[PDB]
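The structure appears right after this line, and notes come after that.
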Amino acid sequence: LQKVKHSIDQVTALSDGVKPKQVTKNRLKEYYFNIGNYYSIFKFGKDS
Amino acid sequence: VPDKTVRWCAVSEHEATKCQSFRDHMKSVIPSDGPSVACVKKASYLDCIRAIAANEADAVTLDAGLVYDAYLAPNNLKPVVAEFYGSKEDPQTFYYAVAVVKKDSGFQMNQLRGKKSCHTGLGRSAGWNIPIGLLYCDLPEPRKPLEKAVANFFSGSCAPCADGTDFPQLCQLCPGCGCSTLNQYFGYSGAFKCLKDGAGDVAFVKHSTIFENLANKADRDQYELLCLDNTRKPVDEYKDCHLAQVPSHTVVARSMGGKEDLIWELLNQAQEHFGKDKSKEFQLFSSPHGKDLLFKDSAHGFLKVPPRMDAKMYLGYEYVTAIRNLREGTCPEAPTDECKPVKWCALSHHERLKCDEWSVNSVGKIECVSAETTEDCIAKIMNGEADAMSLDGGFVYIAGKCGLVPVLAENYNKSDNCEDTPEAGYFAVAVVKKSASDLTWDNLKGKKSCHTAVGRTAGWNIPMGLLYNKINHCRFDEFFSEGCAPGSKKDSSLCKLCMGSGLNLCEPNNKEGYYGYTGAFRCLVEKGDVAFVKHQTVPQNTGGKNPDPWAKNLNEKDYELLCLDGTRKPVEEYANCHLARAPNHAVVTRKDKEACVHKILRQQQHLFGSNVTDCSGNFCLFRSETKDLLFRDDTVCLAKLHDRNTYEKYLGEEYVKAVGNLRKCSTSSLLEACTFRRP
Amino acid sequence: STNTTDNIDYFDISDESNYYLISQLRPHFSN
Ligand SMILES: *[C@@H]1O[C@H](CO)[C@@H](O[C@@H]2O[C@H](CO)[C@@H](O)[C@H](O)[C@H]2NC(C)=O)[C@H](O)[C@H]1NC(C)=O
Ligand SMILES: *[C@@H]1O[C@H](CO)[C@@H](O)[C@H](O)[C@H]1NC(C)=O
Ligand SMILES: [Fe+3]
Ligand SMILES: [Fe+3]
């Protein structure tokens, strides 16, 4: 439950947000890798 | 909050750039649950130290001479990760301080007066403290404040981080003294640039700097270094004429909030991927735009600082005394006639009463400072708050590793000439009862054992070394079912049989009832199956000599002490059944207080020694109330040691080898902290 | 009525680094 609540708070916390339109390529890589990790925590936490 | 990012200090924009590159490339190889880097920018090192103290940053790397400015109040920092400078075959923690000059300038160390000098910073080790401390007592009075009289001794200089407003001569070569890489004269390469541009005549650096900046052998052939005994010498043979040795640069951190494990995790996983040329893409120890950023360039790996070692133990005693007497400015005289009184160390309130009574019965030569465990009191001798104490050989080994020497020994046999006659040492035995006649040295498994304390000779080293040859396990809570060994970890069964309460269980002092020799004999009488004590434990305690209730009913006959072959042999002849010879207890102290502890203790033992009868109603140094307070109760006199004052000399070869077979198994943190010093 | 437990797959372990968590449920990783 702690993992689910933290992942929801991180994704919605990024959706608050500054909303940059322009990123660098490595910033795009850690960008997609980052939010994909968070949603992965949400799915696994749901079934658990 | 992710709560595992590690914020960091940068001094200028170059170091901030390397910090951002370090963040980006350390984002890749670590999982997202792992630690990460955050970059916080400050203006100097001092603003960073105050930032870590005010919880705005977490770590920075700085010199040993700035560690002394770091651990002071209210900063209260602590070194956590050191680094080694050699190859990975031989890690070298120390490095060399050298003085590099132009060729054929024509002055030795004595003719140094009024020359232009290039220092690598105010308070750093190889630039400030060693060069000023060597020539320090030749300056004329007033010495205070230091950099004023240094500013008069030199005819123009550059010392970064000094006060340019209050002192112009320190900032005479440099236009304005700035604590950053943005200053072109700051740092190891900056001081060597101050020599190369000809604005300075002498520059003080470490040994590797001239090899880092110059790549042509003739450029190594011009510049020279001047020696301690006033000779020129080329720079390639830097091992002959180093000024002094210094400890490594260190990563500092807070004392309470830390956090140590996360810095060591981050720098460890950075070390394995980026440090020694594992990736050609990113370098941890170099950068194109600036050098010496975030770390040294001459470093080649990181080493963990053990958790017992604080800053005052990290720098050693000689270097802390050098930086303190250099900063304050005393330049000591040392007449050898008088001697200041000796600060004896005691422990846990049953030693302090008898120690204070001895401080008053002596005229004033003995004063008492105390601790709670003996590992704290050895460290308190190392730092300087204490002077001497009495230890058995198991701790004379540890304090011998930490840098203490033994001065006097204890004799345990009466003679007309005991002070001059050396004693061969006492015996270590195990004691069992007549009721358990099935017991054998071949089979002790699952039987209850009683020890004196962890780390002692007859209680710990001599039995568990032999059992280490038989079991081939380091752990001994598996072989024995239960037992009482004070000083162990609380989780073992070896504390589950001990008796003191509450929270004083297994405390290695006199607050535990089962501590020592006699307390282990109470372990055997009450709840144990075997005890490990000295050979004279049963005749002292049995026969109705103790006025305690547990010991008056005990007989000397019915106990019995077993040999190593399996034979069962009585107490009166110990010479059949002994496990090994153990050396006597010794009095240890530092090297500089060797002569004074010798004179004060021999002068002191002639008055209060063994010839004093009528003990109640007077004072006795050796006679105690059956608890072995400050000494062992059968000590007749303290033998003089000449030609044998070293732990490996005094302890003899067989016992040192016997502890060396138990070298990988001991869990005392103080031995680990004294063995990190060795490269 | 109820006297036994049929499911056990709540038992689990993570790594020594605590970076990857295994479940006994499908597919045992969030990755
Ligand atoms: C313990 O000390 C006693 C007395 O000091 C030793 O007895 C010695 O006995 C011999 C007999 O020939 C005398 O010549 C010596 O003068 C005595 N004294 C010394 C100091 O040797 C006894 O041998 C000692 N025992 C142990 C185990 O040390
Ligand atoms: C024994 O102690 C007394 C106490 O004053 C002293 O006078 C005497 O010299 C001592 N004897 C020896 C042999 O040390
Ligand atoms: Fe340095
Ligand atoms: Fe002993």
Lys, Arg +1 and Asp, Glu -1 on Cβ, resulting dipole of region B:426-582 about Cα centre, debye, nearest 20: 160 debye
Reach of B:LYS627 by Cα under 17 Å, taken over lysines that are not fewer than 8 positions away in the same chain: B:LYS354, B:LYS511, B:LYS534, B:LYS545, B:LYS552
Size of electric dipole in region B:95-246: Cβ of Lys, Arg +1 and of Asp, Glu -1, about Cα centre, debye, nearest 20: 60 debye
Region B:426-582: antiparallel DSSP beta bridges as a percent of all, rounded to 5: 75 percent
Chain C-region B:459-514 distance, computed between alpha-carbon centres (Å): 38 Å
Alpha-carbon centroid distance for the pair region B:241-319 / chain A, whole angstrom: 34 Å
Whole-Hz ³J(HN,Hα) from phi, Karplus 6.51 cos²θ - 1.76 cosθ + 1.60, for region B:290-301, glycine and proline x: x, 10, 6, 8, 6, 6, 7, 8, 8, 6, 10, x
All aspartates and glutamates inside 17 Å of A:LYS5 as judged from Cα atoms, apart from same-chain residues fewer than 8 positions distant: A:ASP16, A:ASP47, B:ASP3, B:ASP33
Positive dipole terminus of the protein assembly as shown, leading residue within B:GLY483, B:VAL320, B:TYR412 (C-beta point charges): B:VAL320
Residue among B:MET26, B:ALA253, A:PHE42 farthest towards the positive dipole end of the protein assembly as shown, charges placed on Cβ: A:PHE42
Mean Cα-pair separation over length for chain B, i.e. relative contact order, pairs under 8 Å, 6 or more apart, %: 14 percent
Ellipticity estimate at 222 nm from DSSP helix runs (n ≥ 4, -39,500 (n - 2.57)) divided over chain A, nearest 500: -25500 deg cm²/dmol
Distance from region B:362-397 to region B:412-452 (C-alpha centre basis), Å: 27 Å
Calculated [θ] (222 nm, deg cm²/dmol) that DSSP helices of n ≥ 4 give over chain B, each run adding -39,500 (n - 2.57): -7000 deg cm²/dmol
Calculated FRET efficiency for the pair B:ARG644/A:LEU28, C-beta based, R₀ 51 Å, to 0.05: 0.10
In degrees, nearest ten, helix B:352-361 long axis to first principal axis of chain B (Cα): 90 degrees
Degrees separating the helix B:260-270 axis from the principal Cα axis of chain B, which is the longest one: 60 degrees
Computed over region B:112-224, the ratio Rg/Rh where both radii use C-alpha atoms and Rh is Kirkwood: 0.97
Crossing angle, helix A:2-14 versus chain A [Cα axis fit, 0-90 degrees, rounded to tens]: 20 degrees
Under 19 Å from B:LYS304, Cα to Cα: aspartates and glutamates that are on another chain or at least 8 residues apart: B:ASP58, B:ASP63, B:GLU83, B:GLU89, B:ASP90, B:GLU260, B:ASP261, B:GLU265, B:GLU272, B:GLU672
Chymotrypsin sites (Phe, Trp or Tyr not before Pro) within region B:497-560, DSSP loop, no more than 14 other Cβ atoms inside 10 Å: B:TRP550
Sorted largest first, extent of chain B alpha carbons per principal axis (Å): 88, 64, 44
Proximal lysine pairs, region B:95-246, alpha carbons under 16 Å, eight or more residues apart or interchain: 24
Cleavage-rule hits, GluC sites (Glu not before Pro), region B:349-390, DSSP coil, Cβ neighbours within 10 Å at most 14: B:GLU372, B:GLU385
Loop-resident sites, region B:420-528, for GluC sites (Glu not before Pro), counting at most 13 other Cβ within 10 Å (DSSP): B:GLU478
Ascending count of other beta-carbon atoms within 10 Å, so fewest first, for A:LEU1, B:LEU62: A:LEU1, B:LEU62
Base-10 log of normalised Debye intensity for region B:1-68 (one unit scatterer per alpha-carbon) at q = 0.12, 0.18 Å⁻¹: -0.33, -0.71
Size of region B:426-582 as Cα extents on the principal axes (Å, biggest first): 40, 37, 27
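Positions of Cβ are backbone-derived with ideal geometry, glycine not excepted, and every protein chain shown enters the neighbour counts. Read the figures in this text as sums done on the coordinates, not as results from a lab.
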